[PDB]
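Structure record follows, encoded as structure tokens.
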Amino acid sequence: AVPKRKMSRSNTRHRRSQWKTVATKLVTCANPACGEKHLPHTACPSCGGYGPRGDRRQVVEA
Amino acid sequence: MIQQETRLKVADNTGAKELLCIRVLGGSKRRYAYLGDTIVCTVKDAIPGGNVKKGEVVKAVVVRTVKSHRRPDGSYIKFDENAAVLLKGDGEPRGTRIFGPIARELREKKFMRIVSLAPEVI
Amino acid sequence: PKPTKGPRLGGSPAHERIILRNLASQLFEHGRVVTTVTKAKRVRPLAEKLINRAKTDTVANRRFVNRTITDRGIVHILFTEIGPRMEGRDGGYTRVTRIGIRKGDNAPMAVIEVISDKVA
Amino acid sequence: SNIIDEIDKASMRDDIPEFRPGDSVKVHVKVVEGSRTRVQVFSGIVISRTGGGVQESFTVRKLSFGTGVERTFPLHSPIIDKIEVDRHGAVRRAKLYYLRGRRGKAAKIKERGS
Amino acid sequence: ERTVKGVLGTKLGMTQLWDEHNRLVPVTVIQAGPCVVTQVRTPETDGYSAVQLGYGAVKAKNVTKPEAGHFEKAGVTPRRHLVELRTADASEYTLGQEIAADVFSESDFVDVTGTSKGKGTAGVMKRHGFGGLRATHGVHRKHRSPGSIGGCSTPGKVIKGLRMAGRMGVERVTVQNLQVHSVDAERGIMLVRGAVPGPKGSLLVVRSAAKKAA
RNA sequence: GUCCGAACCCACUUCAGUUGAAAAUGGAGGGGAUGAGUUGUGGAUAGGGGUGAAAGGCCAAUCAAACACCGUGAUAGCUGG
RNA sequence: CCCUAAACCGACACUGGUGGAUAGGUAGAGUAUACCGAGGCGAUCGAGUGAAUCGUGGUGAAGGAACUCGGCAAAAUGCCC
RNA sequence: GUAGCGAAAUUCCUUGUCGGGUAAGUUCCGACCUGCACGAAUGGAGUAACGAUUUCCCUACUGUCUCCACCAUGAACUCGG
RNA sequence: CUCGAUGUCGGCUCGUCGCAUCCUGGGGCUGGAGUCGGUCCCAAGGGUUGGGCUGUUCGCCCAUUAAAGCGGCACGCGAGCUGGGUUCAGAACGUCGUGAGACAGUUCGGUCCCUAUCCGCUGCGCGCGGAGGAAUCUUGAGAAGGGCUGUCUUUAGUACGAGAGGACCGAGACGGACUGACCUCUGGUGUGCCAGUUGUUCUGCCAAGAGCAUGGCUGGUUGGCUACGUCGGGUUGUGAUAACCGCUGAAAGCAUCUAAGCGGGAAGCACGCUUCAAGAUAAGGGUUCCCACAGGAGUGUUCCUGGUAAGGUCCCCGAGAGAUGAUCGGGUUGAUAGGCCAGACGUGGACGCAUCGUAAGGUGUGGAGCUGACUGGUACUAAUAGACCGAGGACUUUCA
Ligand SMILES: [Mg+2]
Ligand SMILES: [Mg+2]
Ligand SMILES: [Mg+2]
Ligand SMILES: [Mg+2]
Ligand SMILES: [Mg+2]
Ligand SMILES: [Mg+2]
Ligand SMILES: [Mg+2]
Ligand SMILES: [Mg+2]
Ligand SMILES: [Mg+2]
Ligand SMILES: [Mg+2]
Ligand SMILES: [Mg+2]
Ligand SMILES: [Mg+2]
Ligand SMILES: [Mg+2]
Ligand SMILES: [Mg+2]
Ligand SMILES: [Mg+2]
Ligand SMILES: [Mg+2]
Ligand SMILES: [Mg+2]
Ligand SMILES: [Mg+2]
Ligand SMILES: [Mg+2]
Ligand SMILES: [Mg+2]
Ligand SMILES: [Mg+2]
Ligand SMILES: [Mg+2]
Ligand SMILES: [Mg+2]
Ligand SMILES: [Mg+2]
Ligand SMILES: [Mg+2]
Ligand SMILES: [Mg+2]
Ligand SMILES: [Mg+2]
Ligand SMILES: [Mg+2]
Ligand SMILES: [Mg+2]
Ligand SMILES: [Mg+2]
Ligand SMILES: [Mg+2]
Ligand SMILES: [Mg+2]
Ligand SMILES: [Mg+2]
Ligand SMILES: [Mg+2]
Ligand SMILES: [Mg+2]
Ligand SMILES: [Mg+2]
Ligand SMILES: [Mg+2]
Ligand SMILES: [Mg+2]
Ligand SMILES: [Mg+2]
Ligand SMILES: [Mg+2]
Ligand SMILES: [Mg+2]
Ligand SMILES: [Mg+2]
Ligand SMILES: [Mg+2]
Ligand SMILES: [Mg+2]
Ligand SMILES: [Mg+2]
Ligand SMILES: [Mg+2]
Ligand SMILES: [Mg+2]
Ligand SMILES: [Mg+2]
Ligand SMILES: [Mg+2]
Ligand SMILES: [Mg+2]
Ligand SMILES: [Mg+2]
Ligand SMILES: [Mg+2]
Ligand SMILES: [Mg+2]
Ligand SMILES: [Mg+2]
Ligand SMILES: [Mg+2]
Ligand SMILES: [Mg+2]
Ligand SMILES: [Mg+2]
Ligand SMILES: [Mg+2]
Ligand SMILES: [Mg+2]
Ligand SMILES: [Mg+2]
Ligand SMILES: [Mg+2]
Ligand SMILES: [Mg+2]
Ligand SMILES: [Mg+2]
Ligand SMILES: [Mg+2]
Ligand SMILES: [Mg+2]
Ligand SMILES: [Mg+2]
Ligand SMILES: [Mg+2]
Ligand SMILES: [Mg+2]
Ligand SMILES: [Mg+2]
Ligand SMILES: [Mg+2]
Ligand SMILES: [Mg+2]
Ligand SMILES: [Mg+2]
Ligand SMILES: [Mg+2]
Ligand SMILES: [Mg+2]
Ligand SMILES: [Mg+2]
Ligand SMILES: [Zn+2]
């Protein structure tokens, strides 16, 4: 099949506006010495650590 | 399960050796015949000395299916060859002898003569 | 252990078997490995099965582990270091932690690592 | 759950002898004949045991009048009066389905401890 | 308008029994557990007669304040589920009353209602029994096609209600006239002769048979 | 100008492709496979002509008369503007 | 320097076409096929996910051409003595 | 219009008629001749062997079908380019 | 009307509609002994088979069936399939033509494509609204599905009939087809599990194994999915009616089913059964929870910002869910998954050792070892840590 007619501006924009992305949320690193933003349930790219203020196990050597 | 074009062997001594199911009696659109079901058959092969000729349309009752048969008590019965027994149009065998084992489902108040002539009812 | 339900890694179940076995071998070789989320979570059960089998050291057990792995050096590592490291552990010999994503294809990445500290 | 199993224990029996596929077995099956009832013996070879609690069932193959007849019995069925073991076979398979296409000397089973 | 007895339970699975005619009967095992009357609906205040039953084990940290207040007014401990039974004898039910599987005897016919197992997006050949096309004889990439879906310039449209592919399963299904095999109330177990909708662990509503029996 | 069967040559059936991987192919089978075989290099035949185990086939990816340029801004009671 | 090609002929870094030479081991009659050697590659978007559906393979109770324009496709058969 | 052949790759009527095959055969095969409109090098009638030719039958064999189910995959589907 | 293209036969698939009804339901007249029939009405709820021949439609035939209805929808349906027929180029036969060629004569052979924009339709979400914000359970305006039928037994050899023959109205049992759910049973599957085994390469070798050859090939096989499987379903009924049968009864001193009125009367109509359903913007109802925040402008406060309550989402572990969204469960106050431990299922006797045999191998130790989904335990691993959204006494009017 082929598009019979050129789609109107209103309809094209109605469909196109739904092509979007949500913002990444980010969470503050539990390490007091780092305090950076990292993905939830993900090792902090700055400190390379994971876990609550206590645990704090190293995950990434960075 | 016996359907149209299924070829069966004969447990009678009528001289017929092989039947071809032309129809399964019991209602329209019915697919299969099981132990104790009546079918319309044609005689594909018969003994030269006998009272049944090849190409004759007869009625038979199915005994000794290969597929399986469930029973209300949860057991199953299974044979190794699809067999059938010809009838005289009134529920009685055409032959005077029955060959091989016969299913118990024939003794559901219906085929008393066949069960009586059965060498073994399993 | 349990099969993978969905489509297999590497475009073929045979290749998935190879991938999981090699990935477990590399995990045992290096202690830790960064191997994306799905591969790590799929290799965890096999790796823990192997470690549990290696927790008790017999010749028959070593041959059974060598059925997998197939690098006797890694078998020696598993039966000498990793095995005795988990004398008191009742399972859970490995852990998986997410790292981020790959820039090239947005693969969610994670590191799976054998437990290092002694339970006692 | 184990609730299913404890319910099944009410239906399971205890007088089942120990046997394997490959063993010769006589099953004393109860047959209803109108007002009458009878005990008919089905003698044959156990070719399969599909296990599991009260769902356990076993298949017996008999050679009668040049035709093979296979009967599948739930091991805890109340229609079975009892089970007798004649021979203990020496087989290598859990399911003896190959015996379906074998007759004569090729269809006979070695005895246990031979 | 009809007087219905009812109880709530969980599908534990199936097994098999032998009845007194030595017949093998498939039985579904329903943990027809204790249900409590959380709320009674009357024509004066609600406009119809029905009894709301509870049933279910719930964690104290997973019950919210509105639910906790509802159960506190009912005077009972919180339950996970809440299902109503449209009965014309709702009045005879007092708030917080105890209901157990022994509400059904050894040979009552019942109707069992549950949500069927899901199948995802199913094809026409599966969710409607469509006979597709042949496997050979030149069939061109349409072996499981739905065939035609209408006529021509008249009506130049697809009629409403045509059966096509879609998501099948996860829906309210009531299976009727199942004869209860046994009830053991001291542990809340019901053995019902038949197969009931839903996966193991689903919620089931067991009501008196609407059509009484066969 | 035997037989079976790879390479090689072919193109019978089927499926896929059919804005293709490909302006004719791919997968699975299939015919010939010491012969009227197949193939490399160079050469010869040219447009009312060539060549053709002959289908109007082929003659530089559309041949009941190639292509290019010229007569030429051919002509068209026809269609469009 | 490429050269049974990503460098040539195909508009492409194109599942096509392209003449010749060398061409080991085991199973095998074999240059078929399977796994390997000398040697060379991992293929030029990926990561996931049990949707329908299409393509490509696999298996199947009982029946066995009732399919269909037609046994189309598939299955069976298959080698040596 | 002879030999020979004929409802034929030719027969309109036509599913001619009879016979065989099938439980049922507008096709088939053997006959009849009433050859619309066979016929003797545009050859007549036959013919072992040969045929990816056309047609009918038997057997074996099977997802062709009764009646589909399930498995794995390249697309489809979600995310990044 | 369409030639700057409206693809032309039959089958397949999917239906939908009409009734000029094939079956099943009801009724008149005949009748007709009964049994059956045939005919004029009602009635479209459901059902209406499989094959042989032919490209066929048609038609004939075989075997059934309660019956094998007739028609419309571009002679429904080729951006759904089929290409056998038709209607291209090849060739042959007959006939016609001097010939090139022709033939609603025949014969063999013979290319199509389309990633769906709009409406339509099957599903599934996001948003906003439902005059505060929420959580749960609901009413049903309205919508959809479902509606088939046989045989036998009994009434009863009763009624009827000269006999032979053989009922109505009821009662019971067992089926076919269709269909919903489902996996306990049976069957199938099986890229997991166990086992055997061929070729070959490899782990130095023995021993024990690994890769590849379709999972190399075979024998099995739990879970899941499924039908060929097992459970259930159609109904028992209610109301108003069709044809029709009536009661009372005139106009018309009688009569008349009708003019006043009342009653019977079908699988059809509407309910009964099942399912969806308040976007039913008419946005419903019950029960429960949270609460009169803060700061600005302001012009009756208005309205815009900001932090919250009840509550919810994101994120993570999952499956009873699933294309993705969604749905449901769990998230340390925790059994959600994996692992671990035990069991069951499955396979069928591991390695090692002993012993027997020249050897391939046999026996024992030992229902061994291995082992997924199923079951029960167990925080060992991961469900860290956190953010974000979300009312304000909630517009106005009148009542009480
Ligand atoms: Mg729009
Ligand atoms: Mg699976
Ligand atoms: Mg991929
Ligand atoms: Mg492989
Ligand atoms: Mg077992
Ligand atoms: Mg099909
Ligand atoms: Mg195909
Ligand atoms: Mg329109
Ligand atoms: Mg030759
Ligand atoms: Mg070449
Ligand atoms: Mg060709
Ligand atoms: Mg094609
Ligand atoms: Mg040849
Ligand atoms: Mg030259
Ligand atoms: Mg020509
Ligand atoms: Mg050319
Ligand atoms: Mg010219
Ligand atoms: Mg001029
Ligand atoms: Mg001009
Ligand atoms: Mg014009
Ligand atoms: Mg080279
Ligand atoms: Mg190339
Ligand atoms: Mg180039
Ligand atoms: Mg050799
Ligand atoms: Mg090769
Ligand atoms: Mg090398
Ligand atoms: Mg190279
Ligand atoms: Mg490239
Ligand atoms: Mg997916
Ligand atoms: Mg196959
Ligand atoms: Mg198998
Ligand atoms: Mg099969
Ligand atoms: Mg078979
Ligand atoms: Mg056969
Ligand atoms: Mg046919
Ligand atoms: Mg047909
Ligand atoms: Mg073929
Ligand atoms: Mg083949
Ligand atoms: Mg003829
Ligand atoms: Mg003709
Ligand atoms: Mg004839
Ligand atoms: Mg002459
Ligand atoms: Mg001549
Ligand atoms: Mg001539
Ligand atoms: Mg000639
Ligand atoms: Mg000749
Ligand atoms: Mg000849
Ligand atoms: Mg040829
Ligand atoms: Mg045949
Ligand atoms: Mg893909
Ligand atoms: Mg993309
Ligand atoms: Mg146009
Ligand atoms: Mg009418
Ligand atoms: Mg109809
Ligand atoms: Mg109607
Ligand atoms: Mg006709
Ligand atoms: Mg119609
Ligand atoms: Mg048409
Ligand atoms: Mg169309
Ligand atoms: Mg054609
Ligand atoms: Mg055509
Ligand atoms: Mg001739
Ligand atoms: Mg002439
Ligand atoms: Mg043709
Ligand atoms: Mg499409
Ligand atoms: Mg309603
Ligand atoms: Mg509406
Ligand atoms: Mg199970
Ligand atoms: Mg099985
Ligand atoms: Mg290798
Ligand atoms: Mg093979
Ligand atoms: Mg299973
Ligand atoms: Mg009167
Ligand atoms: Mg009157
Ligand atoms: Mg041993
Ligand atoms: Zn940090």
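Annotations
- Loop-located trypsin sites (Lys or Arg not before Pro) in the range E:13-110 (DSSP state not H, G, I, E or B) with no more than 16 neighbouring Cβ atoms inside 10 Å: E:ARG23, E:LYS59, E:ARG80, E:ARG86.
- The orientation-averaged projection of the convex hull spanning the C-alpha atoms of the range D:1-45 amounts to 5.2 square nanometres.
- Beta bridges by DSSP in the protein assembly as shown, antiparallel share as percent, to the nearest 5: 95 percent
- Summing +1 for each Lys or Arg and -1 for each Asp or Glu among the other residues whose beta-carbon sits under 13 angstrom from that of A:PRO40 gives +3.
- Rough spin-label spacing in nm, given labels placed 7 Å along Cα→Cβ, for D:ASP14 and D:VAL85: 1.9 nm
- Pairs of alpha carbons in chain C whose separation is greater than 16 Å (percent): 61 percent
- DSSP-defined antiparallel bridges as percent of all bridges, chain B, nearest 5: 85 percent
- Relative contact order of chain D, taken over Cα pairs closer than 8 Å and 6 or more residues apart, is 29 percent.
- Mean separation of Cα pairs under 8 Å and 6 or more residues apart, divided by the residue count, gives chain E a relative contact order of 30 percent.
- The range D:17-104: chymotrypsin sites (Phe, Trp or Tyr not before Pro) falling in loop per DSSP and having at most 16 other Cβ within 10 Å: D:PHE65
- Residues of the range E:16-57 with an amide N closer than 14 Å to a point placed 7 Å from the Cα of E:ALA100 along the Cα-to-Cβ direction: E:32-36.
- Summary: within chain B, the longest segment free of GluC sites (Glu not before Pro) located in DSSP loops with at most 16 other C-beta atoms within 10 Å is B:6-55.
- For C:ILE115 and B:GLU18, the FRET efficiency from 1/(1 + (r/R0)^6), where r spans their Cβ atoms and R0 equals 60 Å, is about 0.25.
- Value of relative contact order over the range C:57-120, rounded to a whole percent, pairs C-alpha under 8 Å and six or more apart: 26 percent
- Backbone geometry of the range E:89-106 corresponds, through the Karplus equation with coefficients 6.51, -1.76 and 1.60 at θ = phi - 60°, to 3J(HN,Hα) couplings of 10, 3, 3, 3, 9, 9, 5, x, 5, 8, 10, 10, 4, 4, 5, 10, 8, 7 Hz, x marking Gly and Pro.
- Hydrodynamic radius by Kirkwood, which averages 1/r over all alpha carbon pairs of the range E:122-188, in angstrom: 16.3 Å
- For the range E:22-61, convex hull volume per residue from C-alpha positions, Å³: 143 Å³
- Cut-off 15 Å, label 7 Å out along Cα→Cβ of A:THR21, residues of the range C:67-106 by amide N: C:101-106
- Other residues whose C-beta falls under 15 angstrom from the C-beta of C:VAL75 contribute a net charge of +4, scoring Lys and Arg +1 and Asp and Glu -1.
- A straight Cα-to-Cα reach below 30 Å connects B:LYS109 with the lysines B:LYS9, B:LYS17, B:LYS29, B:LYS59, B:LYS67, B:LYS78, B:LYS88, D:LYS26, D:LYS30, D:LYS62, D:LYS82, residues fewer than 8 places away in its own chain not being considered.
- Förster radius 56 Å - calculated FRET efficiency between C:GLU29 and D:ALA94 (Cβ-Cβ, nearest 0.05): 0.90
- Local electrostatic count, C:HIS15, Cβ distance below 14 Å [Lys/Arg +1, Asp/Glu -1]: +4
- Once exposed loop trypsin sites (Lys or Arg not before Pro) are cut out (DSSP; at most 13 other Cβ, 10 Å), longest piece of chain D: D:14-91
- Loop-resident trypsin sites (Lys or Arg not before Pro) (DSSP state other than H, G, I, E or B) in the range B:67-122 with no more than 16 further Cβ atoms inside 10 Å of their Cβ: B:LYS67, B:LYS88, B:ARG97, B:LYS109, B:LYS110.
So basically every Cβ, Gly included, is an ideal-geometry build from the backbone, and we count neighbours across all protein chains shown. Taken together, the values in this text are just the output of simple stated rules run on the coordinates, not laboratory data.
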